[PDB]
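Enquirer: After the structure tokens below, expect a handful of questions from me.
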Amino acid sequence: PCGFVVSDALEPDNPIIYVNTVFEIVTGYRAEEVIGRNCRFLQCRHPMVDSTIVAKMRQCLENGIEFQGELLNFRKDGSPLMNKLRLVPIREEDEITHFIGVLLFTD
Amino acid sequence: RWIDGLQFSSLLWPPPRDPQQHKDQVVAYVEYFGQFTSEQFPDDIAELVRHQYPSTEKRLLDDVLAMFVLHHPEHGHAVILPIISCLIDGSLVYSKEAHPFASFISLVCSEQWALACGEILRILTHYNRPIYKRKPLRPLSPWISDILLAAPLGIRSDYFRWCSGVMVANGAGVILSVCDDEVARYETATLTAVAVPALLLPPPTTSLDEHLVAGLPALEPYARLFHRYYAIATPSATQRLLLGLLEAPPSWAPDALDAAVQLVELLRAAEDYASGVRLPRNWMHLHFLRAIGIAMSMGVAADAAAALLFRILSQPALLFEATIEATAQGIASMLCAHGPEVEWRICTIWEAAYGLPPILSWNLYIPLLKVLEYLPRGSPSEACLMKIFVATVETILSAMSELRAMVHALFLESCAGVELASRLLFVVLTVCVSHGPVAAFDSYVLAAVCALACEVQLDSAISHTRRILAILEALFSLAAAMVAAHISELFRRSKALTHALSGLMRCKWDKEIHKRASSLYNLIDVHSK
Ligand SMILES: *OP(=O)(O)OC[C@@H](O)[C@@H](O)[C@@H](O)Cn1c2nc(=O)[nH]c(=O)c-2nc2cc(C)c(C)cc21
């Protein structure tokens with residue numbers, strides 16, 4: 001079961017706009033708390049989440065390339081999971097206006 | 001010396017059954033007792049009571065003790081207090097038929113009688129502070145109750161006026177503890193029924209001097225009392241109660257409105273912890289909103305209830321599952337029933353309430369949606385909530401980007417109403433173009449549509465697509481032809497939306513999603529150009 005998320009890359013830090021229903025039920029974070037926030041927070045940082053893999057995203061995010069990787073993220077319950085994120089830059093004219101994260105949670 | 005004398009009298013043996021000898025004999029001892037009244041008298045009776053009590057037989061000593069207090073209230077202190085101390089000790093258990101108390105309950109059931117009665121209650125109040133010697137309790141709370149119970153309504157009302165300080169133990173403490181003992185041991189609540197009018201409403205005018213100089217007490221401690229009274233009070237009684245407080249003179253209340261609102265705070269607060277009595281599910285509407293409107297419907301009394309709604313709607317915590325529906329449903333109903341004239345006022349009070357004051361936020365409007373669902377079609381009330389809507393949207397436009405989440409909510413949260421949300425989002429978009437913000441609305445649609453379109457193709461997820469198609473399908477239908485031009489221009493200048501619609505068209509996994517997706521598309525085509 002994939003959870004989905006979208007970011008407006010035209011704003012600063014790509015704030016979230018959409019949250020899939022399963023994301024709402026497997027992160028405890030209903031849409032209202034996380035919209036306008038970037039998803040920088042799902043790992044919060046916390047020392048044990050791999051520092052490199054997080055930096056590899058932001059580098060990959062600038063040029064606008066697909067990134068597939070796997071971090072451990074935790075609900076605000078503190079209970080941790082890990083997913084393989086797929087971040088998909090979407091563009092048309094062709095400027096990266098939106099981002100789509102397709103993350104598949106696994107505790 | 002003299003205690004030792006009456007030690008073998010008929011004072012300690014059961015009262016003669018003859019009424020005439022009962023009366024003649026008691027008349028004789030009350031004069032023997034009262035002959036002394038020396039410095040020693042309190043010390044004298046104190047030895048007499050602890051030594052001679054408690055016994056289980058009915059004795060003539062009870063009646064001499066009880067009467068001497070009546071004929072000499074000046075010395076009620078020296079008589080009751082030895083008993084008070086043993087009640088504190090545990091020497092005496094208090095039974096309403098325990099025999100020192102059997103008669104003091106009986107003398108109370110005539111101005112001489114009233115004063116003696118009064119002082120008995122005035123004494124027992126001061127010693128009634130809580131002790132622990134199994135919760136800690138107030139030792140003399142129940143005795144006050146049975147005396148107050150077996151008593152005319154005139155003195156109960158004056159006991160609570162005196163006790164709460166309308167004109168040593170906490171005044172608020174005893175009233176709560178004697179009102180509970182009645183509820184606790186008896187199965188009714190008549191003392192709390194006289195106490196709540198006693199605190200909120202002024203003395204009766206016929207009692208002039210008292211009436212002129214009296215003040216509303218501090219209502220903070222009697223927050224349970226009001227809950228318990230309002231939990232049981234027939235709805236007609238509370239509207240009698242509220243109006244009386246509303247149209248009281250200003251010497252009574254600094255601001256009666258502040259106190260009427262304060263009362264509401266306390267029943268709401270006591271609702272979370274009160275046990276045994278639960279307020280009705282429409283308690284905010286039933287005991288208040290029903291009444292507050294009618295005042296407007298029926299001289300200057302109507303004028304003061306109008307100040308309450310401005311007060312009620314300038315502090316929007318009334319809206320703060322089923323209580324919200326009923327609270328919201330109630331607001332809708334008081335609007336409809338009262339008449340066109342009052343609705344125009346209610347609505348203009350509402351506008352003056354919301355800064356047209358509190359700030360305006362989308363979170364403020366989530367409750368009014370549940371009110372608006374119940375409103376009828378085309379009424380000025382609907383217009384008023386939609387007018388406050390535009391006010392909210394105007395204000396948010398003026399960092400955290402509440403707007404981005406708002407549109408998500410109308411589009412998909414089901415907060416609810418596809419009928420409303422189509423109408424609501426139409427307003428939302430129209431405000432953004434006036435002022436960028438229009439990109440936000442432009443941007444979210446693609447994100448939601450395409451993310452949900454991808455999820456379906458790859459139970460709740462399919463349900464939301466249907467809703468978004470219908471909201472957009474209806475945005476075409478309902479500057480109604482003008483927004484339609486914008487959506488069609490939005491869809492076919494972005495290749496992502498273009499693809500997502502097409503796959504939805506051909507989806508048979510869900511019957512209604514592709515009937516719907518087809519229609520939206522054809523609507524895009526015609527309004528595209
Ligand atoms: O500054 P930093 O190096 O911390 O940034 C890297 C990321 O942590 C952050 O910038 C986001 O881009 C990462 N991100 C997620 N990070 C997570 O830990 N869990 C997730 O589920 C994430 N989903 C994301 C989805 C999208 C669309 C983006 C753009 C980023 C993202």
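Simple scheme: letters A, B, ... for chains in structure tokens order, numbers from 1 for residues in each chain, numbers from 1 for ligands in the order shown.
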Show which residues sit within 6 Å of region 75-84 of chain A, as a list in words. Count only C-alpha atoms, and ignore same-chain residues fewer than 2 positions away.

Expert: residues 27, 69, 70, 71, 72, 73, 103, 104, 105, 106 and 107 of chain A

Enquirer: Using only C-alpha atoms, I'd like every residue of chain B that has an atom within 9 Å of chain A; please write them out as an mmCIF file with C-alpha atoms, in the first residue's frame.

Expert:
```
data_model
loop_
_atom_site.group_PDB
_atom_site.id
_atom_site.type_symbol
_atom_site.label_atom_id
_atom_site.label_comp_id
_atom_site.auth_asym_id
_atom_site.auth_seq_id
_atom_site.Cartn_x
_atom_site.Cartn_y
_atom_site.Cartn_z
ATOM 1 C CA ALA B 399 2.818 32.665 5.239
ATOM 2 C CA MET B 400 1.622 29.513 7.015
ATOM 3 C CA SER B 401 -0.589 29.132 3.926
ATOM 4 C CA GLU B 402 -3.821 28.103 5.598
ATOM 5 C CA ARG B 404 -3.504 25.525 0.695
ATOM 6 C CA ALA B 405 -5.067 23.320 3.378
ATOM 7 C CA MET B 406 -8.516 24.973 3.129
ATOM 8 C CA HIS B 408 -7.786 20.530 0.331
ATOM 9 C CA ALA B 409 -10.577 20.410 2.922
ATOM 10 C CA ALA B 440 -2.191 27.889 -5.317
ATOM 11 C CA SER B 443 -1.629 24.109 -8.441
ATOM 12 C CA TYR B 444 -3.536 22.035 -5.875
ATOM 13 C CA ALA B 447 -1.672 17.629 -7.429
ATOM 14 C CA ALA B 448 -4.836 16.089 -5.957
ATOM 15 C CA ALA B 451 -1.974 11.760 -7.225
ATOM 16 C CA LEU B 452 -5.404 10.176 -6.788
ATOM 17 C CA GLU B 455 -3.249 5.639 -6.925
ATOM 18 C CA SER B 460 -10.935 5.486 0.592
ATOM 19 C CA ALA B 461 -8.749 6.494 -2.358
ATOM 20 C CA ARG B 493 -1.836 23.616 -20.632
ATOM 21 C CA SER B 494 -0.462 20.966 -18.243
ATOM 22 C CA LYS B 495 0.394 17.533 -19.635
ATOM 23 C CA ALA B 496 0.033 15.864 -16.224
#
```

Enquirer: For the structure I just gave you, how does DSSP split region 1-106 of chain A - specifically, which residues are strand (DSSP E or B)? Reply as a PyMOL selection string.

Expert: chain A and resi 3-8+16-19+67-74+80-91+96-106

Enquirer: Mind dumping the selected residues with N, CA and C atoms as a compact mmCIF listing (two decimals), in the first residue's frame?

Expert:
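What follows is the written file result.txt:
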```
# COMPACT_ATOMS: atom_id res chain seq x y z
N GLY A 3 1.73 5.20 0.02
CA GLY A 3 1.28 6.50 0.48
C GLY A 3 1.83 7.57 -0.44
N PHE A 4 1.01 8.58 -0.71
CA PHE A 4 1.37 9.61 -1.67
C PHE A 4 1.45 10.98 -1.00
N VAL A 5 2.21 11.87 -1.63
CA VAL A 5 2.45 13.20 -1.10
C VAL A 5 2.93 14.07 -2.25
N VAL A 6 2.54 15.34 -2.24
CA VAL A 6 2.91 16.27 -3.30
C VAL A 6 3.50 17.53 -2.68
N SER A 7 4.44 18.15 -3.40
CA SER A 7 5.07 19.39 -2.96
C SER A 7 5.05 20.42 -4.08
N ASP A 8 4.87 21.69 -3.72
CA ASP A 8 4.95 22.79 -4.68
C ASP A 8 6.40 23.27 -4.72
N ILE A 16 4.19 20.81 1.45
CA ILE A 16 3.26 19.77 1.06
C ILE A 16 1.90 20.37 0.72
N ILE A 17 1.19 19.74 -0.23
CA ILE A 17 -0.13 20.21 -0.63
C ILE A 17 -1.14 19.08 -0.50
N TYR A 18 -0.72 17.86 -0.77
CA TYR A 18 -1.62 16.72 -0.77
C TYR A 18 -1.04 15.58 0.06
N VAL A 19 -1.93 14.87 0.75
CA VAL A 19 -1.58 13.71 1.56
C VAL A 19 -2.56 12.59 1.25
N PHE A 67 14.68 10.21 -7.24
CA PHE A 67 15.46 9.60 -6.18
C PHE A 67 14.66 8.44 -5.62
N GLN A 68 15.28 7.27 -5.56
CA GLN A 68 14.72 6.14 -4.83
C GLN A 68 15.71 5.76 -3.74
N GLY A 69 15.23 5.77 -2.50
CA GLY A 69 16.06 5.42 -1.36
C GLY A 69 15.17 4.98 -0.22
N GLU A 70 15.80 4.67 0.91
CA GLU A 70 15.07 4.13 2.06
C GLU A 70 15.65 4.70 3.35
N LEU A 71 14.83 5.46 4.07
CA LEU A 71 15.11 5.92 5.42
C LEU A 71 14.14 5.26 6.38
N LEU A 72 14.45 5.37 7.67
CA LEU A 72 13.48 5.09 8.71
C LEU A 72 12.86 6.39 9.19
N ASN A 73 11.53 6.44 9.20
CA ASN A 73 10.76 7.58 9.66
C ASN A 73 9.79 7.09 10.71
N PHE A 74 9.36 7.97 11.61
CA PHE A 74 8.48 7.55 12.69
C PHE A 74 7.29 8.48 12.82
N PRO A 80 8.77 3.75 15.17
CA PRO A 80 9.43 3.97 13.89
C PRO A 80 9.07 2.93 12.83
N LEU A 81 9.15 3.39 11.59
CA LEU A 81 9.00 2.58 10.39
C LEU A 81 10.11 2.96 9.43
N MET A 82 10.17 2.27 8.29
CA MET A 82 11.02 2.67 7.19
C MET A 82 10.30 2.41 5.87
N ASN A 83 10.55 3.28 4.90
CA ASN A 83 9.92 3.15 3.59
C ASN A 83 10.97 3.37 2.52
N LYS A 84 10.66 2.92 1.31
CA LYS A 84 11.43 3.31 0.13
C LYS A 84 10.66 4.43 -0.57
N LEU A 85 11.19 5.65 -0.48
CA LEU A 85 10.63 6.79 -1.18
C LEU A 85 11.03 6.80 -2.65
N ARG A 86 10.08 7.22 -3.49
CA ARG A 86 10.31 7.54 -4.89
C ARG A 86 9.84 8.97 -5.09
N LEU A 87 10.78 9.88 -5.37
CA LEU A 87 10.47 11.29 -5.56
C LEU A 87 10.53 11.61 -7.04
N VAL A 88 9.42 12.13 -7.57
CA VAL A 88 9.22 12.21 -9.01
C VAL A 88 8.99 13.66 -9.41
N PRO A 89 10.02 14.36 -9.89
CA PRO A 89 9.81 15.73 -10.37
C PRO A 89 8.89 15.75 -11.58
N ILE A 90 7.93 16.67 -11.56
CA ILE A 90 6.95 16.83 -12.63
C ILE A 90 7.10 18.24 -13.20
N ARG A 91 7.17 18.33 -14.53
CA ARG A 91 7.45 19.58 -15.21
C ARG A 91 6.71 19.58 -16.54
N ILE A 96 10.30 22.57 -13.12
CA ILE A 96 9.81 21.65 -12.10
C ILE A 96 8.85 22.40 -11.20
N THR A 97 7.55 22.29 -11.49
CA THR A 97 6.53 22.95 -10.68
C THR A 97 6.12 22.13 -9.47
N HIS A 98 6.08 20.80 -9.60
CA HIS A 98 5.56 19.94 -8.55
C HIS A 98 6.51 18.78 -8.31
N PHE A 99 6.34 18.15 -7.15
CA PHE A 99 7.05 16.94 -6.78
C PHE A 99 6.00 15.94 -6.33
N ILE A 100 6.26 14.65 -6.52
CA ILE A 100 5.37 13.61 -6.01
C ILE A 100 6.21 12.55 -5.31
N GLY A 101 5.93 12.32 -4.03
CA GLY A 101 6.61 11.29 -3.26
C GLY A 101 5.70 10.07 -3.12
N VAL A 102 6.25 8.92 -3.48
CA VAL A 102 5.51 7.66 -3.41
C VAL A 102 6.27 6.77 -2.44
N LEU A 103 5.83 6.77 -1.18
CA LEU A 103 6.55 6.08 -0.12
C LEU A 103 5.75 4.89 0.38
N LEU A 104 6.45 3.76 0.57
CA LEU A 104 5.84 2.47 0.89
C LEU A 104 6.34 2.05 2.27
N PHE A 105 5.54 2.33 3.30
CA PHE A 105 5.98 2.18 4.69
C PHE A 105 6.16 0.71 5.07
N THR A 106 7.19 0.45 5.88
CA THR A 106 7.46 -0.87 6.44
C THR A 106 8.13 -0.68 7.80
```

Enquirer: Please identify all polymer residues within 7 Å of region 156-159 of chain B, counting only C-alpha atoms, omitting same-chain residues fewer than 6 positions from it, and present them as a ChimeraX atom specification.

Expert: /B:148,194-195,198

Enquirer: Selected residues, N, CA, C and O atoms, written as a PDB file, in the first residue's frame, please.

Expert:
```pdb
ATOM      1  N   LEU B 148     -33.062  22.810  57.367  1.00  0.00           N
ATOM      2  CA  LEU B 148     -33.456  23.631  56.231  1.00  0.00           C
ATOM      3  C   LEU B 148     -34.576  22.967  55.435  1.00  0.00           C
ATOM      4  O   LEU B 148     -35.474  23.650  54.931  1.00  0.00           O
ATOM      5  N   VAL B 194     -33.793  25.970  45.266  1.00  0.00           N
ATOM      6  CA  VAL B 194     -34.010  27.310  45.802  1.00  0.00           C
ATOM      7  C   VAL B 194     -32.713  28.108  45.811  1.00  0.00           C
ATOM      8  O   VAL B 194     -32.742  29.342  45.823  1.00  0.00           O
ATOM      9  N   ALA B 195     -31.562  27.427  45.770  1.00  0.00           N
ATOM     10  CA  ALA B 195     -30.281  28.114  45.912  1.00  0.00           C
ATOM     11  C   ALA B 195     -29.872  28.835  44.630  1.00  0.00           C
ATOM     12  O   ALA B 195     -29.301  29.931  44.688  1.00  0.00           O
ATOM     13  N   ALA B 198     -31.556  31.855  44.196  1.00  0.00           N
ATOM     14  CA  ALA B 198     -31.137  32.709  45.300  1.00  0.00           C
ATOM     15  C   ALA B 198     -29.866  33.471  44.962  1.00  0.00           C
ATOM     16  O   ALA B 198     -29.685  34.607  45.412  1.00  0.00           O
TER      17      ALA B 198
END
```

Enquirer: Let me make sure I understand: among A:44, A:60, A:65, A:39, which one has the smallest atom-to-atom distance to ligand 1 if we use only C-alpha atoms and all ligand atoms?

Expert: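 Ranked by minimum distance to ligand 1, first place goes to A:39.
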
Enquirer: Give me, as a short mmCIF file (atom, residue, chain, number, x, y, z; two decimals) with C-alpha atoms, in the first residue's frame, the residues of region 3-55 of chain A that a backbone DSSP run labels alpha helix (DSSP H).

Expert:
```cif
data_model
loop_
_atom_site.label_atom_id
_atom_site.label_comp_id
_atom_site.auth_asym_id
_atom_site.auth_seq_id
_atom_site.Cartn_x
_atom_site.Cartn_y
_atom_site.Cartn_z
CA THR A 21 -5.47 8.67 2.97
CA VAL A 22 -3.13 5.83 3.93
CA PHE A 23 -0.40 8.34 4.80
CA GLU A 24 -2.90 9.96 7.17
CA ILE A 25 -3.55 6.58 8.82
CA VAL A 26 0.03 5.25 8.91
CA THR A 27 1.68 8.42 10.19
CA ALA A 31 -3.39 16.42 6.34
CA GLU A 32 -4.07 19.58 8.35
CA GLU A 33 -0.89 19.46 10.44
CA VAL A 34 1.52 18.78 7.56
CA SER A 51 22.90 11.81 7.47
CA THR A 52 24.21 11.06 3.97
CA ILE A 53 21.00 9.58 2.52
CA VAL A 54 19.18 12.76 3.56
CA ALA A 55 21.76 14.98 1.86
#
```

Enquirer: Considering only C-alpha atoms and all ligand atoms, can you say which of A:48, A:58, A:30, A:64 comes closest to ligand 1?

Expert: A:58

Enquirer: Enter the distance from atom 6 (C, counted along the ligand's line) of ligand 1 to CA of residue 66 (chain A), in Å, rounded to one decimal.

Expert: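 CA of residue 66 (chain A) lies at a distance of 13.5 Å from atom 6 (C, counted along the ligand's line) of ligand 1.
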
Enquirer: Within 9 Å of residue 388 (chain B), counting only C-alpha atoms, which residues show up once you throw out same-chain ones fewer than 3 positions away? Write them as number ranges by chain, please.

Expert: B: 350-351, 354, 356, 365, 383-385, 391-393

Enquirer: Go ahead and dump the residues you just picked, N, CA and C atoms, as a CSV table (one decimal), in the first residue's frame.

Expert:
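Once everything was written out, this is result02.csv:
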```csv
chain,number,residue,atom,x,y,z
B,350,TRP,N,-24.4,39.0,14.1
B,350,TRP,CA,-23.3,38.1,13.8
B,350,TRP,C,-22.2,38.8,13.1
B,351,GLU,N,-22.6,39.7,12.1
B,351,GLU,CA,-21.5,40.4,11.3
B,351,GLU,C,-20.8,41.3,12.2
B,354,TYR,N,-18.1,39.3,14.2
B,354,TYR,CA,-16.9,38.8,13.5
B,354,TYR,C,-16.0,39.9,12.8
B,356,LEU,N,-16.5,42.6,11.2
B,356,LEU,CA,-16.9,43.3,10.0
B,356,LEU,C,-17.4,44.7,10.2
B,365,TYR,N,-14.3,28.7,10.5
B,365,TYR,CA,-15.5,28.4,9.7
B,365,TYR,C,-15.9,26.9,9.6
B,383,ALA,N,-27.1,33.6,3.1
B,383,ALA,CA,-26.4,34.7,2.6
B,383,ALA,C,-25.4,35.3,3.6
B,384,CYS,N,-25.8,35.3,4.9
B,384,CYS,CA,-25.0,35.9,5.9
B,384,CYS,C,-23.7,35.0,6.2
B,385,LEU,N,-23.9,33.7,6.3
B,385,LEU,CA,-22.8,32.8,6.5
B,385,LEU,C,-21.9,32.8,5.2
B,391,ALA,N,-15.5,37.1,3.9
B,391,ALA,CA,-14.7,37.8,4.8
B,391,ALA,C,-13.5,37.0,5.3
B,392,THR,N,-13.8,35.7,5.6
B,392,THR,CA,-12.7,34.8,6.0
B,392,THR,C,-11.6,34.7,4.9
B,393,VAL,N,-12.1,34.4,3.7
B,393,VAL,CA,-11.2,34.2,2.6
B,393,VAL,C,-10.4,35.4,2.3
```

Enquirer: So that I can see what lies close to region 54-59 of chain B, please list as a ChimeraX atom specification the residues with an atom at most 8 Å from it, counting only C-alpha atoms and leaving out residues fewer than 6 positions away in the same chain.

Expert: /B:11-15,91-92,98-99

Enquirer: Could you write those residues out with N, CA and C atoms, as a compact mmCIF listing (two decimals), in the first residue's frame?

Expert:
```txt
# COMPACT_ATOMS: atom_id res chain seq x y z
N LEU B 11 -35.99 14.91 84.03
CA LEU B 11 -35.37 15.49 82.85
C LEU B 11 -34.73 14.43 81.97
N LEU B 12 -34.28 13.32 82.56
CA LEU B 12 -33.55 12.29 81.84
C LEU B 12 -34.36 11.04 81.57
N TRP B 13 -35.64 11.02 81.92
CA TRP B 13 -36.51 9.88 81.68
C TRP B 13 -37.57 10.26 80.65
N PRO B 14 -38.09 9.29 79.91
CA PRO B 14 -38.87 9.58 78.69
C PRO B 14 -39.98 10.60 78.95
N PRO B 15 -40.29 11.44 77.96
CA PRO B 15 -41.29 12.48 78.16
C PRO B 15 -42.64 11.89 78.53
N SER B 91 -18.26 10.98 69.08
CA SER B 91 -19.08 10.60 70.22
C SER B 91 -20.53 10.41 69.79
N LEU B 92 -21.07 11.39 69.08
CA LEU B 92 -22.40 11.31 68.47
C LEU B 92 -22.32 11.04 66.97
N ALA B 98 -31.54 10.63 65.76
CA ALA B 98 -30.69 10.74 66.94
C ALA B 98 -31.20 11.89 67.79
N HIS B 99 -31.17 11.70 69.10
CA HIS B 99 -32.15 12.37 69.94
C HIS B 99 -31.83 13.78 70.43
```
